[PDB]
Amino acid sequence: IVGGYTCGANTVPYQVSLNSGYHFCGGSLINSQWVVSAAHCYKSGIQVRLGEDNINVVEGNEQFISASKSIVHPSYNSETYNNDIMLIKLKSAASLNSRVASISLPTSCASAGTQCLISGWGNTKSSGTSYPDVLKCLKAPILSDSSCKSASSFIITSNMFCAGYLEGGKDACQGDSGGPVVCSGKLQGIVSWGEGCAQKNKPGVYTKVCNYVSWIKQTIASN
Ligand SMILES: [Ca+2]
């Protein structure tokens with residue numbers, strides 16, 4: 001997260017860190033046994049880490065659970081990142097408490113202007129590299145599709161939406177992928193991609209979760 005602030009320990013209880021020997025992506029807990037993340041974050045042997053704040057210090061509220069099954073969206077396109085969403089089932093149910101909680105799925109899509117909360121342990125520099133140990137937060141508005149596509153060099157589909165700032169300075173970044181975009185208490189987006197980080201004229205692009213509720217529900221009920 002570039003231009004954000006320190007969230008505060010466990011203030012984003014649904015945030016998870018995906019670990020494969022090191023933190024490589026974020027995710028969101030949607031129930032005691034399932035996590036939603038980005039399809040481009042797929043890796044074999046993923047361990048899900050819940051209740052985390054500082055990912056390099058054991059603070060006492062962590063729960064480390066390995067994935068038993070991973071399901072990348074059937075139509076995921078690695079060339080365009082269209083349908084960049086993936087479900088991960090935990091080998092054992094997470095213990096829900098004040099520091100580990102699930103986030104609700106949307107019943108409808110969010111509109112432009114709506115304020116959302118984006119979070120993650122990704123790079124904090126628009127130029128260079130600096131990874132934080134504690135969770136970072138950023139408040140950003142959903143933008144119109146026009147502002148989204150204006151200076152884009154890549155395809156932006158109906159399964160994506162932009163959020164952030166056109167003048168740059170604030171944006172998600174590498175390492176934040178798979179993480180949550182929460183608006184009005186609902187998981188509306190998944191950190192997906194962007195051209196660089198916090199660059200002028202190029203806001204971040206997010207997977208539009210409201211388009212996948214049916215698939216998510218049907219898949220979890222059958223697996
Ligand atoms: Ca920790």
# chains A, B, ... in the order shown; residues from 1 in each chain; ligands from 1
>>> residues_near_ligand(ligand="ligand 1", cutoff="8 Å", atoms="only C-alpha atoms and all ligand atoms", output="ChimeraX atom specification")
/A:51-62
>>> residues_around(residues="residue A:93", least_positions_apart="5", cutoff="9 Å", atoms="only C-alpha atoms", output="tab-separated table (two decimals) with N, CA, C and O atoms, in the first residue's frame")
chain	number	residue	atom	x	y	z
A	31	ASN	N	-15.69	-17.23	5.57
A	31	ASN	CA	-16.35	-18.13	6.52
A	31	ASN	C	-15.25	-18.93	7.20
A	31	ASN	O	-14.08	-18.79	6.85
A	32	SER	N	-15.60	-19.74	8.20
A	32	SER	CA	-14.59	-20.49	8.95
A	32	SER	C	-13.67	-21.43	8.16
A	32	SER	O	-12.61	-21.81	8.65
A	33	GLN	N	-14.06	-21.80	6.94
A	33	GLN	CA	-13.24	-22.72	6.16
A	33	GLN	C	-12.82	-22.24	4.78
A	33	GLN	O	-12.12	-22.96	4.07
A	34	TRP	N	-13.24	-21.04	4.40
A	34	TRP	CA	-12.90	-20.56	3.06
A	34	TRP	C	-12.32	-19.17	2.99
A	34	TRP	O	-12.74	-18.26	3.71
A	65	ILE	N	-2.94	-22.14	9.00
A	65	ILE	CA	-3.68	-23.29	8.49
A	65	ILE	C	-3.35	-23.54	7.02
A	65	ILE	O	-3.45	-22.63	6.20
>>> residues_around(residues="residue A:102", least_positions_apart="4", cutoff="7 Å", atoms="only C-alpha atoms", output="list in words")
residues 14, 29, 30 and 31 of chain A
>>> residues_around(residues="residue A:26", least_positions_apart="6", cutoff="6 Å", atoms="only C-alpha atoms", output="short mmCIF file (atom, residue, chain, number, x, y, z; two decimals) with N, CA, C and O atoms, in the first residue's frame")
data_model
loop_
_atom_site.label_atom_id
_atom_site.label_comp_id
_atom_site.auth_asym_id
_atom_site.auth_seq_id
_atom_site.Cartn_x
_atom_site.Cartn_y
_atom_site.Cartn_z
N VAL A 16 -6.11 -11.89 5.54
CA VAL A 16 -5.22 -13.03 5.73
C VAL A 16 -3.98 -12.83 4.88
O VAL A 16 -3.98 -12.04 3.93
N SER A 17 -2.90 -13.51 5.26
CA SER A 17 -1.65 -13.45 4.52
C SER A 17 -1.43 -14.85 3.96
O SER A 17 -1.59 -15.85 4.68
N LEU A 18 -1.09 -14.94 2.67
CA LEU A 18 -0.82 -16.23 2.05
C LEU A 18 0.69 -16.39 2.13
O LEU A 18 1.44 -15.52 1.71
N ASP A 176 0.22 -6.70 -2.35
CA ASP A 176 -1.13 -6.46 -1.85
C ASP A 176 -2.14 -7.33 -2.60
O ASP A 176 -3.28 -7.48 -2.18
N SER A 177 -1.70 -7.90 -3.73
CA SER A 177 -2.58 -8.73 -4.55
C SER A 177 -3.34 -9.79 -3.77
O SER A 177 -2.79 -10.41 -2.85
N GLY A 178 -4.60 -9.99 -4.15
CA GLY A 178 -5.44 -10.97 -3.51
C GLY A 178 -6.17 -10.41 -2.30
O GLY A 178 -7.15 -11.00 -1.84
N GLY A 179 -5.69 -9.27 -1.82
CA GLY A 179 -6.28 -8.62 -0.66
C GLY A 179 -7.67 -8.05 -0.86
O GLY A 179 -8.14 -7.94 -1.99
#
>>> select_by_dssp(residues="stretch 58-213 of chain A", states="strand (DSSP E)", output="PyMOL selection string")
chain A and resi 63-72+86-90+115-120+136-141+160-163+180-183+186-193+204-208
>>> write_last_selection(atoms="C-alpha atoms", output="compact mmCIF listing (two decimals), in the first residue's frame")
# COMPACT_ATOMS: atom_id res chain seq x y z
CA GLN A 63 -3.60 -19.15 13.36
CA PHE A 64 -1.61 -20.92 10.62
CA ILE A 65 -3.68 -23.29 8.49
CA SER A 66 -2.65 -25.08 5.30
CA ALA A 67 -4.89 -25.17 2.24
CA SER A 68 -6.62 -28.47 1.46
CA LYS A 69 -7.95 -27.38 -1.92
CA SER A 70 -7.52 -24.42 -4.26
CA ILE A 71 -10.02 -23.47 -6.95
CA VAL A 72 -9.08 -20.91 -9.59
CA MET A 86 -9.64 -17.94 -6.51
CA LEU A 87 -11.13 -19.85 -3.58
CA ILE A 88 -9.03 -21.63 -0.96
CA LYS A 89 -10.43 -24.21 1.45
CA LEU A 90 -8.68 -24.59 4.81
CA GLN A 115 -15.60 4.88 -0.01
CA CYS A 116 -13.76 1.57 0.45
CA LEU A 117 -10.99 0.22 2.65
CA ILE A 118 -8.04 -1.52 0.99
CA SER A 119 -5.41 -3.32 3.07
CA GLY A 120 -2.21 -5.32 2.71
CA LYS A 136 -1.23 -1.00 6.01
CA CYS A 137 -4.59 0.60 5.23
CA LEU A 138 -5.93 2.94 2.55
CA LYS A 139 -9.31 4.60 2.05
CA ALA A 140 -10.13 4.99 -1.64
CA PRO A 141 -13.22 5.75 -3.72
CA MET A 160 -13.00 -5.26 -13.17
CA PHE A 161 -13.38 -1.83 -11.61
CA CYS A 162 -10.99 0.97 -10.70
CA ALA A 163 -10.55 2.54 -7.30
CA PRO A 180 -9.69 -7.12 0.23
CA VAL A 181 -11.49 -3.99 -0.95
CA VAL A 182 -14.32 -3.50 1.53
CA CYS A 183 -17.12 -0.98 1.08
CA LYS A 186 -19.10 -5.92 2.07
CA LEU A 187 -16.23 -7.47 0.10
CA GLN A 188 -16.60 -5.66 -3.23
CA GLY A 189 -13.12 -6.12 -4.65
CA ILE A 190 -9.90 -8.11 -4.76
CA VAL A 191 -6.55 -6.39 -5.36
CA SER A 192 -5.65 -7.47 -8.90
CA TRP A 193 -3.33 -5.25 -10.95
CA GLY A 204 -5.52 0.45 -9.40
CA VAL A 205 -7.68 -2.27 -10.95
CA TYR A 206 -9.75 -4.68 -8.88
CA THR A 207 -11.71 -7.88 -9.48
CA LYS A 208 -15.43 -7.06 -9.26
>>> residues_around(residues="residue A:73", least_positions_apart="5", cutoff="10 Å", atoms="only C-alpha atoms", output="number ranges by chain")
A: 38-39, 82-87, 212, 215-216
>>> closest_residue(among="A:28, A:199, A:75, A:127", to="residue A:151", atoms="only C-alpha atoms")
A:199
>>> closest_residue(among="A:98, A:157, A:44, A:174", to="residue A:131", atoms="only C-alpha atoms")
A:174
>>> closest_residue(among="A:144, A:97, A:37, A:114", to="residue A:209", atoms="only C-alpha atoms")
A:37
>>> closest_residue(among="A:77, A:218, A:184, A:95", to="residue A:13", atoms="only C-alpha atoms")
A:95
>>> select_by_dssp(residues="stretch 58-199 of chain A", states="alpha helix (DSSP H)", output="PDB file with N, CA and C atoms, in the first residue's frame")
ATOM      1  N   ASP A 145     -15.818   4.004 -14.885  1.00  0.00           N
ATOM      2  CA  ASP A 145     -15.079   3.192 -15.844  1.00  0.00           C
ATOM      3  C   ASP A 145     -14.281   4.045 -16.826  1.00  0.00           C
ATOM      4  N   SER A 146     -14.791   5.233 -17.134  1.00  0.00           N
ATOM      5  CA  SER A 146     -14.110   6.130 -18.063  1.00  0.00           C
ATOM      6  C   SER A 146     -12.742   6.524 -17.511  1.00  0.00           C
ATOM      7  N   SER A 147     -12.710   6.920 -16.242  1.00  0.00           N
ATOM      8  CA  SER A 147     -11.463   7.312 -15.594  1.00  0.00           C
ATOM      9  C   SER A 147     -10.537   6.104 -15.574  1.00  0.00           C
ATOM     10  N   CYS A 148     -11.153   4.933 -15.494  1.00  0.00           N
ATOM     11  CA  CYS A 148     -10.459   3.653 -15.448  1.00  0.00           C
ATOM     12  C   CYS A 148      -9.684   3.375 -16.738  1.00  0.00           C
ATOM     13  N   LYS A 149     -10.397   3.423 -17.856  1.00  0.00           N
ATOM     14  CA  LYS A 149      -9.838   3.127 -19.171  1.00  0.00           C
ATOM     15  C   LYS A 149      -9.028   4.212 -19.880  1.00  0.00           C
TER      16      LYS A 149
END
>>> atom_distance(atom1="atom CA of residue A:132", atom2="atom CA of residue A:171")
14.9 Å
>>> closest_residue(among="A:128, A:185, A:3, A:74", to="residue A:105", atoms="only C-alpha atoms")
A:185
>>> closest_residue(among="A:2, A:172, A:155, A:48", to="residue A:15", atoms="only C-alpha atoms")
A:48
>>> atom_distance(atom1="atom CA of residue A:200", atom2="atom CA of residue A:154")
15.9 Å
>>> atom_distance(atom1="atom CA of residue A:164", atom2="atom CA of residue A:125")
15.6 Å
>>> decode(residues="stretch 133-158 of chain A", atoms="N, CA, C and O atoms", output="CSV table (one decimal), in the first residue's frame")
chain,number,residue,atom,x,y,z
A,133,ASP,N,6.2,-4.5,7.8
A,133,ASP,CA,6.0,-5.7,8.6
A,133,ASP,C,4.6,-5.7,9.1
A,133,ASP,O,4.0,-6.8,9.4
A,134,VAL,N,4.0,-4.6,9.3
A,134,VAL,CA,2.6,-4.5,9.8
A,134,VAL,C,1.7,-4.1,8.7
A,134,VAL,O,2.0,-3.5,7.7
A,135,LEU,N,0.4,-4.5,8.9
A,135,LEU,CA,-0.7,-4.2,8.0
A,135,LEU,C,-0.9,-2.7,7.7
A,135,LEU,O,-1.1,-1.9,8.6
A,136,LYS,N,-1.0,-2.4,6.4
A,136,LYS,CA,-1.2,-1.0,6.0
A,136,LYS,C,-2.6,-0.9,5.5
A,136,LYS,O,-3.2,-1.8,4.9
A,137,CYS,N,-3.2,0.3,5.6
A,137,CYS,CA,-4.6,0.6,5.2
A,137,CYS,C,-4.7,1.8,4.3
A,137,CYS,O,-3.8,2.7,4.4
A,138,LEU,N,-5.7,1.8,3.5
A,138,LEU,CA,-5.9,2.9,2.6
A,138,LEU,C,-7.4,3.1,2.2
A,138,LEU,O,-8.1,2.1,1.9
A,139,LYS,N,-7.9,4.3,2.4
A,139,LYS,CA,-9.3,4.6,2.0
A,139,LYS,C,-9.3,5.1,0.6
A,139,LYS,O,-8.5,6.0,0.3
A,140,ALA,N,-10.1,4.6,-0.2
A,140,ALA,CA,-10.1,5.0,-1.6
A,140,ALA,C,-11.5,4.9,-2.2
A,140,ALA,O,-12.3,4.0,-1.8
A,141,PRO,N,-11.9,5.8,-3.1
A,141,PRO,CA,-13.2,5.7,-3.7
A,141,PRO,C,-13.3,4.9,-5.0
A,141,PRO,O,-12.2,4.8,-5.7
A,142,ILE,N,-14.4,4.3,-5.3
A,142,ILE,CA,-14.6,3.6,-6.5
A,142,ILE,C,-14.7,4.6,-7.6
A,142,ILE,O,-15.3,5.7,-7.4
A,143,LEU,N,-14.0,4.4,-8.7
A,143,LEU,CA,-14.0,5.4,-9.8
A,143,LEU,C,-14.9,4.9,-11.0
A,143,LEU,O,-15.3,3.8,-11.1
A,144,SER,N,-15.3,5.9,-11.9
A,144,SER,CA,-16.1,5.6,-13.0
A,144,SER,C,-15.2,4.8,-14.0
A,144,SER,O,-14.0,4.8,-13.9
A,145,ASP,N,-15.8,4.0,-14.9
A,145,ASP,CA,-15.1,3.2,-15.8
A,145,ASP,C,-14.3,4.0,-16.8
A,145,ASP,O,-13.2,3.6,-17.3
A,146,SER,N,-14.8,5.2,-17.1
A,146,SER,CA,-14.1,6.1,-18.1
A,146,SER,C,-12.7,6.5,-17.5
A,146,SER,O,-11.7,6.5,-18.2
A,147,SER,N,-12.7,6.9,-16.2
A,147,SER,CA,-11.5,7.3,-15.6
A,147,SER,C,-10.5,6.1,-15.6
A,147,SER,O,-9.3,6.2,-15.6
A,148,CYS,N,-11.2,4.9,-15.5
A,148,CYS,CA,-10.5,3.7,-15.4
A,148,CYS,C,-9.7,3.4,-16.7
A,148,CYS,O,-8.5,3.1,-16.7
A,149,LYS,N,-10.4,3.4,-17.9
A,149,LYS,CA,-9.8,3.1,-19.2
A,149,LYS,C,-9.0,4.2,-19.9
A,149,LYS,O,-8.2,3.9,-20.7
A,150,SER,N,-9.3,5.5,-19.5
A,150,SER,CA,-8.6,6.6,-20.2
A,150,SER,C,-7.1,6.3,-20.7
A,150,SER,O,-6.9,6.3,-21.9
A,151,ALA,N,-6.2,6.2,-19.7
A,151,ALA,CA,-4.8,6.0,-20.1
A,151,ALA,C,-4.3,4.5,-19.9
A,151,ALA,O,-3.1,4.3,-19.8
A,152,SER,N,-5.2,3.6,-19.9
A,152,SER,CA,-4.8,2.2,-19.8
A,152,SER,C,-4.2,1.6,-21.0
A,152,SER,O,-4.7,1.8,-22.1
A,153,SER,N,-3.2,0.8,-20.9
A,153,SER,CA,-2.5,0.1,-22.0
A,153,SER,C,-3.0,-1.3,-22.1
A,153,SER,O,-2.6,-2.0,-23.1
A,154,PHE,N,-3.8,-1.7,-21.2
A,154,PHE,CA,-4.4,-3.0,-21.2
A,154,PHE,C,-5.9,-3.0,-21.1
A,154,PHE,O,-6.6,-2.0,-20.8
A,155,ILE,N,-6.5,-4.2,-21.5
A,155,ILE,CA,-8.0,-4.4,-21.5
A,155,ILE,C,-8.6,-4.3,-20.1
A,155,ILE,O,-8.0,-4.9,-19.1
A,156,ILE,N,-9.6,-3.6,-19.9
A,156,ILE,CA,-10.4,-3.5,-18.7
A,156,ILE,C,-11.8,-4.0,-19.0
A,156,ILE,O,-12.5,-3.4,-19.7
A,157,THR,N,-12.1,-5.2,-18.4
A,157,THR,CA,-13.4,-5.8,-18.6
A,157,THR,C,-14.4,-5.4,-17.6
A,157,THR,O,-14.2,-4.7,-16.6
A,158,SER,N,-15.6,-5.9,-17.9
A,158,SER,CA,-16.8,-5.7,-17.0
A,158,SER,C,-16.6,-6.4,-15.7
A,158,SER,O,-17.4,-6.2,-14.7
